[PDB]
């Protein structure tokens, strides 16, 4: 089934390209106490996402199908919220990608089982994408991770209010 692997590959590529533009957008406009920390972290996320975005589209051509990474396709086949414009707060960026990475990781997790029987090599690549996406999810989640000595509500980065 070539159509099945294309669906899993093309859907993953569009999500990676969406995260590509969103990580870079927050990379430039993040503000607050953790602006520079997230500035550097989002650039590393961008480079890891961009690398796998190349691999996914390369895998699309490898199985004999075209790759659609156009701007209209990113907006069209959205299915994910768009990052807000203007200056972004550090606490807002942390909460945005905490949910975005988790949502993308869960979708990739399902696509792995959809193609594991017909295309284990493509499923191997999708597992590697799920690995880096869930790792990035942890790196955003750890900012507000509860500990025995501190719930880490994020009040210090959100004008005194829990995030």
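Positions refer to the first chain, counted from 1.
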| item | value |
| --- | --- |
| 128 to 136 set against 105 to 113, stretch whose average Cα temperature factor tops the other in the entry | 105 to 113 |
| Stretch with the higher entry mean CA B-factor, where the candidates are 115 to 123 and 41 to 49 | 115 to 123 |
| Residue 144 - Cα temperature factor, lowest/middle/highest third of chain | highest |
| Relative C-alpha B-factor of residue 22, binned into the chain's lowest, middle or highest third | middle |
